[PDB]
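Taken in sequence, the protein lines are chains A, B, C, D, E and F. Residue 376 is where the first sequence starts when you use our numbering, and the numbers rise one by one after that. Residue 96 is where the second sequence starts when you use our numbering, and the numbers rise one by one after that. Residue 121 is where the third sequence starts when you use our numbering, and the numbers rise one by one after that. Residue 34 is where the fourth sequence starts when you use our numbering, and the numbers rise one by one after that. Residue 11 is where the fifth sequence starts when you use our numbering, and the numbers rise one by one after that. Residue -16 is where the sixth sequence starts when you use our numbering, and the numbers rise one by one after that. All C-beta atoms in this analysis are idealised placements derived from N, C-alpha and C, irrespective of residue type, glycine included. What follows is one structure encoded as C-alpha cells, with my remarks underneath.
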Amino acid sequence: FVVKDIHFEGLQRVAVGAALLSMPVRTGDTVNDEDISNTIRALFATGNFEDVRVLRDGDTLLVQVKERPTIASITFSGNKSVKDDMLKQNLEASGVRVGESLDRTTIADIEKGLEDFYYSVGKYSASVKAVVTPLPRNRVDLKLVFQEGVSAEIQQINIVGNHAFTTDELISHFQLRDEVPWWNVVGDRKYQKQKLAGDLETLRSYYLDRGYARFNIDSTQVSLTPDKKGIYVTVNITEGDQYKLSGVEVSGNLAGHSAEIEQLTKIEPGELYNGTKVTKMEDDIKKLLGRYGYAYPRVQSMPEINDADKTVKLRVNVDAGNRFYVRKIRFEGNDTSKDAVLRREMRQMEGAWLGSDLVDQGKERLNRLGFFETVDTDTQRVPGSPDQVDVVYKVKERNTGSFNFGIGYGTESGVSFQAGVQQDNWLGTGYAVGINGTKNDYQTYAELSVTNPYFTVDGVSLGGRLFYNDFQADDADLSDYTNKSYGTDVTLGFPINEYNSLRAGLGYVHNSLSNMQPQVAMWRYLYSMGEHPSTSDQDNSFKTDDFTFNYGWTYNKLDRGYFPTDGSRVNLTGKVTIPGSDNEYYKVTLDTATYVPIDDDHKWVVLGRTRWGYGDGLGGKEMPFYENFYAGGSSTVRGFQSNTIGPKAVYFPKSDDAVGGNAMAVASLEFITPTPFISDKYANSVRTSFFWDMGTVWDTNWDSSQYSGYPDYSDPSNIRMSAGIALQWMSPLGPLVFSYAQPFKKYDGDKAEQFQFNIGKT
Amino acid sequence: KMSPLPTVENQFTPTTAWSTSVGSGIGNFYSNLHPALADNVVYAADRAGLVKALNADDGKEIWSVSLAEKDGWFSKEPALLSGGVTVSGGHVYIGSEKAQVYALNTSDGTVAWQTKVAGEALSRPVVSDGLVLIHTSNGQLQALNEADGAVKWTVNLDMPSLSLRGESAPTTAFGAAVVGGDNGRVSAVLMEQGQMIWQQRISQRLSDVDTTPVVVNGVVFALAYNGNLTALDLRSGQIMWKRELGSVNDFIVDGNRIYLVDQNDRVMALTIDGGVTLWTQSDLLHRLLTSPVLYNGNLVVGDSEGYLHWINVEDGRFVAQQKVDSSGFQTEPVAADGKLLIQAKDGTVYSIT
Amino acid sequence: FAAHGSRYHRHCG
Amino acid sequence: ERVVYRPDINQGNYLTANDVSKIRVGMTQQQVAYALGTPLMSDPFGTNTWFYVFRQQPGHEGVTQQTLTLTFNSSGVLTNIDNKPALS
Amino acid sequence: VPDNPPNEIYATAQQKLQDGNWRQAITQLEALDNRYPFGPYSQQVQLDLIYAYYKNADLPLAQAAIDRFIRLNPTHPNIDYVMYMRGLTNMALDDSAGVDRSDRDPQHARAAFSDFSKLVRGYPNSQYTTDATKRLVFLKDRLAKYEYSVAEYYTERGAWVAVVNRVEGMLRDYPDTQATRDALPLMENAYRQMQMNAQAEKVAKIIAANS
Amino acid sequence: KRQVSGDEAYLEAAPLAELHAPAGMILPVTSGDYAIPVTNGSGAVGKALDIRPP
Ligand SMILES: [Zn+2]
C-alpha cells in the first residue's frame, strides 16, 4: 500500500496539521500493516487520545479516533474536614487540573492519592469515591465525595531501659501527649513525625545535660490498634555511668588570639560533663572571633572519653576563615510598609564588614514586629568581586487590623467586660492607633490612643491618649460620692539599657464631683480649698481643673514572663501639679517583686513583694480625697475584704465604711513548693504556694487632739496580718487563681473575706 | 458501620454461675491479658498488678499478692502486666510492659525468679521441655530456662516501620518451634540452640502481621492480617493452597473443618483438605468481635458491646444471645474441663454454665 | 450576706 | 546624648598593623588588593585613588577613625602612601 | 450561563462589553472560552479577555493571560498591543489607595521600565510609543527617588560610607534627574564628616557649577 | 479596590536635565542600562489613546 492521502475523523480539538506532523508516516510512503500498527501505537503514545482506530481505506489511510475528554469542572463533597484549597493543592499531582485531558482509567490513582493524603493527615479509615459525567464537544465533568472516618489519637508513650529517672519525668517535657485532663491546657493527642523527632532529640539532650556521655537510643517502634483508633509509641534507650570533666584544649587557625581564647575555654576541675556548657563555650568562642571581623568563624568539638577513670577530655578545633564586606542590603515584598520601617530593625550596617550573628539577630528583630507572616534571608556573592556580598530579606505582609472582646469574673470587682479595635501599622507608617473600653461593677472607662514607636532613631518614643472615666464609690464599699472625669496625656519613652528605661510627660485632667455624703475627712479638704457646703444636705457639687507633670522608671530582669523563677522587678512613678492649676499636691509610689531560688532545679523558690506610697499638699491645701491609697483584698492583703484596711468615716450628725489614707505600706513573703498530688506528667503546670501578708494605711493629717472619742487614724502602728494558701493554673476559660487565708490580727472596722478567686483577664 | 443486634429465640437459657471482680480490668488499653485455668483453680490479673488466685467452683479467693512498688508521697507506680497468664507445673508466668517477666509459685504467690528481657513482653508465654519462649515488642525472640530464669538463647527478627499492636505466641512440634512475624513471614527454629530451619513469606497501608500458628498431622496453618491464609508443610516452607483471607484473631481447627473470624468480623467455615467455604454467617459486621472457642457442642463468641453469641456449627445459625457485662469483651475466652470462663474489659470474671 | 452587685459578700458582721 | 541605648556602628575596611605594614612603594593594584582587600570607596571623579577607612563607634563611647590613602599611577603602580592613624 | 451558539454568544458579549459594567461582560467571555476553546473566535476572545481582566482590576489574571498569549503566538501582527498591555499591567501594581509611594518596593516599576523599553525598541512606528516613552520617563524619576530615600535614611543613622556609595551609584545610574541633583549635598556632607576635604571641595565645585 | 489606576491620570512630570562638568575634572561614566531611547514623530498622549482591542 502507498499513501495517496491520510484522512482524519474525530479531530475536533487536536490539530490535523499537528497529527500530520506527529505520525511516523507521510504522503507517498510505502505502507504495510506494520506501518499501520506503528501509526496507531504512535498516536496512542501522543497521549491526546483514548481510543485510536485505523483502517486501510480505498484511497487513504483512515484514522478514526476519540480524543481524551477535556475536564471542565472539579467539585468536592463531604470534604469538610480539610479545606477545598488544600484538596486543590493535593490534586495538582497526576495531571488532574481543569482544562486538560484525561481518562476514566486513571481514577484509581486519584483514589489512592487522596487516601494517602488523608493517611498523612491521620485519618487512617478515610474512604473516597469519584463520579464522572461526560459532556458534548468531548467535554467531561467529575465530582469527588469524601468520608473522613475517624482521626486516630495517641494512647501511650512508653520508655524502657531507664533507671536513673522515672518515666513520667522524661515524658513531661515531650511535645506529644498521652493524657489530657479536661481542666488543664497541655496540648492535643495528635501524632506527627516531626514532633516525634523533636521529642527524641529533647530526650537525648535531657540525658546529655547530666553527665551521661555514653547515652544512646537503640530503636523506636510505632504500633497501631487493629481498629486503627489508637497509636502506641515506644523507645528503647541505654545509659552508662556518669563522667567527670578532666580539661580542655584548643588548636587550629587561631589567628593570633590564642591567649584570649584560652582564657575563655578554662573550666574548673571536678565538674560533670555538660553539653549545654560545651555548646555555650564554643558559641562564645565564635562570637569573640567574630568581633574581630571574621564573617564565618567555624569551630568543632569532639569528646575523648576514658572508660577506666570515667573522665572526658575535650578537644576543640577552630578555623578563622576570611573577611567579607557588605555592599548593599535590599528588601523585597514590602509593598505596603515603608522602607525605613524594615531598615530600622537591622543590626548589620551597609558598607561594613559582614557579621553572620548580626544578620541572624536582625532577622529575629524583624520577625519580632509581627507585621509579617514569614521572613527569609539570603547572602549572594556579587559577580566579579572576590570578597563582597549582598544581603536580601524576603517578607510577606499580613493584615494587622483586628477587633477583640473579653469577659471575666472575680470577687474583687464582679463581672467585667472588655472591647476594642486596634491597628498596629496605620497606612504602613509604623504608627499604632486604637480605641478601648471597659466596664466593672463600680467603674466605666473608655480611651483612644496614638503611639509612634520611633520618635528618634535611637528608639525614643512619643505617644498620647484621650480618656473618659466614671467612678462611683459606694458600689466599691467606700463612703458615698461620685466622680466623673476626662482629660488627655502625652508622654515619652527613653530606653537606656536592655533592662531598664525612663519615662516622662505631661497631662491635663478635669474632675466633677457630686452626691457627696457629708463627713469630716472630706470636708476638711473642702474647707482647705475654701468652700462651705451645707452640712444637712447631700446635694453639693464641686469642680476642679489641674495640670500635672508625670515621670517614672522601670527595672525588669525577670527570668520568664509566665511562672518566673528568678530575677526582680521594680516600678516607680510620680506626679506633681505645675502652678496655675487648682490643686497643689504631689504623689509617689514604688513596688517591688523578687525571686530567690533555693534549689538547683528551680522548683523550690522564695518570693518577696513590697509596696509603698506617700503624698501630701505643697502648701496650705491638701491632697484631694479621691487620690487616696487603698489596701486590702486579693490584690494587696489576702484574707481581708477589698478596700477595708485603713481609716474609717465619721459623719456629722463612726461606721465600717472606709475612706482610705494618704500613706500606705504593704509587705509580703511567700514560699513556692511543687504540687503534691498531681501526676508528674503535667504537675509542672500548676503552682502552689504558702504566704504571709501584712500592711497598713494611715492618714497623716488627722487631728487627734480634737477627736478624743475616736481612734487615732494618724498612728501607723496598726499593723494587720494574715496567712493562708493559694494556687493557680491556666484554665480553658483563661487564667485562674484561688486563695484561702485567715487574718490573725485585725481591728474593729475590718471586715474579713476568707475565700477569694479570680477568673480570666480582669 | 456497625450492624444492629439480631433477634433470636433461645433453645436454652444460659445463666451466670458466679462472678468475682479482680481490681480494675485492662481498661481501654489493647492487651493480651486473660485468665487461665488448671487443677480446679483460676488465676487472674490486673494491669496495675494484683495477681489473684480463685477456686473454680465457688469462685472464692485463695491468696492475693500485688507486684507494684508502693513507696512515695502516698503514691504508687504500676507494673503494667500486659503478657498473658499461663501455668505449668508449680509456677505462674506473666509478662510486663517494663520488660520484666515474673514467675510466681502456685502455693502462695511468692515470686520464684524475675528476669529482664530485651523488650516489652506482649505474647502469652509457652512452656516446653524446661524452656519458655517470649516474643518481645522489638522483634527479639528469647528463651528462658524455667528452673533459674536465666537466658538460654536469642534470635533476632526484622521489624517494619509500622505494625499492629501485639505479638505472635509461638508453638512447638517435633522439637522445633514455629513463630509468626511482623514482616508477613513465618519462621521455624530448632529448640536447643536456635538454628533457623526454614522460612517463607505468606502475605501479598502495607501492614501485614501474624497471629499464633497451629500444626496438625504434619502440616502448618497460618493466617496474616490483610493477607492470605496458607497451608505449609512442617518439613519446609512449601505452599499447598492459598486464599484471600486475613484476621488478627485466633482460629480453631477440628475434625475436617476450620473455623475463623474475619477481620471484617465475619464468621466463616472452611475445609482442611482445601480452601473452600461451607457456610458464611455475615450479620455481625463491623462489631468488634473476639476469637472463637468450642464449648458444649457450640461456637461461642463475645462482643465488644457486652453480649455473648452462641453459634451452631452444623449450618451456621444463631441459637442464643445473652447480655453479661456492660463493660465489654476484648480478650479471648477460655474453656477447659467442662467450664467456660471470660473476663471483661473491667476486672470482673464470669463463669458461664 | 447580700447580693451587692454581682459579688456576694458580707454586709453584716 | 551618649546615654541612650545605641547599637554599634561599624564602617569601612578592617585594618590591622600586620596588614598595613606590608605595603611598599611600587606594588601593583593586584598586590595591594591581595594584601588588604578591595576598598569600599574610590575616587569617582577621575583620579586613580583608593581610600581605606576604618571607623568605629561602639557602645557608649566616642568615635575612632583611621585612614589610609593610596595614589596609583596610570600604569597601575602605587606611587604615594599616606597613613593618618588618628582623627583630627 | 445558558448554552448557545458562539455567534450570538459573542454578539451579546460584545454588545455588553462596549458599554456597561465589566462584571457581567467577563462572565460570558469565560463561558465562551471554556465551552468553545478552539475555533475562529479564539484570538478575539483572548484579546477581549485580556482587556476585560485589565479594566476590571483583576491584575494577576491579566498577567496570566498576557503571559500565556505572548508565548502561545509570538508571531501575531498585533503583538505590540499585548506588549504595551503588559507594560500597563506592570505599571498598575506600583500604587494603591495621598501619601508618597516612593519609599515602597520598586520591583514592579523596574519591570514596567524594562517592558516599555522593549516595546519602544522593538516597534518604533507603533501608535503607542509616545505614551510608552512618557510612562518610562516618569518611571525613571520614580526609581531615582527610592535611592534618594535610602541615602536620606543613612545620613540620619550616621553611616557615611553607605551614603557616599549610595549617592555615587545614583549618580552612575540616573545622571540626569532631579533626585540626583537634590541628593548630591548628602555626598558632600558625608565627605566633610569623614574629613575627606579634598573630595568635599570637588563635590562643592560640582554643586557650584550646576544650578 | 485600586480601580483608579485603570483610568490613570497625571503621569506627566518634569523633563530630564543634563549635568554640567566643571573644569579640571570629569563625571562618572554612565551605566547606560536606564538610558532613555530617542524617538521621533508624534501621537496621542493620555486619554487620547484607545485602549480597546483592535
Ligand atoms: Zn457590698
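For residue i, count neighbouring C-beta atoms within 10 Å of its own C-beta (all shown protein chains included) and say buried if the count is 16 or more, exposed if not.
i	result
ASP13(E)	exposed
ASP125(E)	buried
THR613(A)	exposed
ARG219(B)	buried
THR102(B)	exposed
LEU901(A)	buried
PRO644(A)	exposed
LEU436(A)	buried
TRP1104(A)	buried
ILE446(A)	buried
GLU(-5)(F)	exposed
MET204(E)	buried
Would DSSP call residue i helix, strand or coil?
i	result
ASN591(A)	strand
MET180(E)	helix
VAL92(E)	helix
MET101(E)	helix
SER876(A)	strand
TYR582(A)	helix
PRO220(B)	coil
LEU729(A)	coil
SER377(B)	coil
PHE148(E)	helix
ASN127(B)	coil
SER52(E)	helix
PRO1110(A)	strand
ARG260(B)	coil
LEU73(D)	coil
Assuming residue i is part of the beta strand (DSSP E), what are its boundary residues?
i	result
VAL281(B)	280 to 285
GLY1021(A)	Segment: none, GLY1021(A) is in no beta strand (DSSP E) and carries neither H nor E.
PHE846(A)	836 to 847
Taking the continuous alpha helix (DSSP H) assigned at residue i, which residues delimit it?
i	result
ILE80(E)	69 to 82
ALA393(A)	391 to 397
residue 225(E)	The structure shown does not extend to residue 225(E), since chain E is modelled only from 11 through 221, so no value can be given for it.
Checking 9 Å against the spacing of the C-beta atoms, do residue i and residue j come in under that value?
i	j	result
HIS118(E)	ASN100(E)	yes
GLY622(A)	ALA588(A)	no
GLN1016(A)	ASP816(A)	no
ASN533(A)	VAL608(A)	yes
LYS661(A)	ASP732(A)	yes
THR385(B)	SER114(B)	no
**OP:** Check each residue's C-beta against every heavy atom of ligand 2 and list, in chain order, those closer than 6 Å.
**Re:** As presented, the structure is devoid of ligand 2, carrying ligand 1 as its sole ligands.
Original post:
How do the region 1098 to 1109 of chain A and the region 433 to 446 of chain B stand: do at least 3 beta-carbon pairs fall below 8 Å, yes or no?
Top reply: In this structure the region 1098 to 1109 of chain A does not touch the region 433 to 446 of chain B; the number of beta carbon pairs closer than 8 Å is below three.
Subject >> At least 3 beta-carbon pairs within less than 8 Å: the region 40 to 53 of chain D vs the region 182 to 189 of chain E >> reply: Cβ pair count under 8 Å is below three, so no.
Subject >> the region 90 to 104 of chain E contacting the region 123 to 142 of chain E, beta-carbon criterion three pairs below 8 Å >> reply: Under the Cβ criterion (8 Å, minimum of three pairs), the region 90 to 104 of chain E counts as touching the region 123 to 142 of chain E.
Original post:
Any contact of the region 912 to 931 of chain A with the region 883 to 892 of chain A, i.e. 3+ C-beta pairs under 8 Å?
Top reply: Flag = yes, the region 912 to 931 of chain A and the region 883 to 892 of chain A touch.
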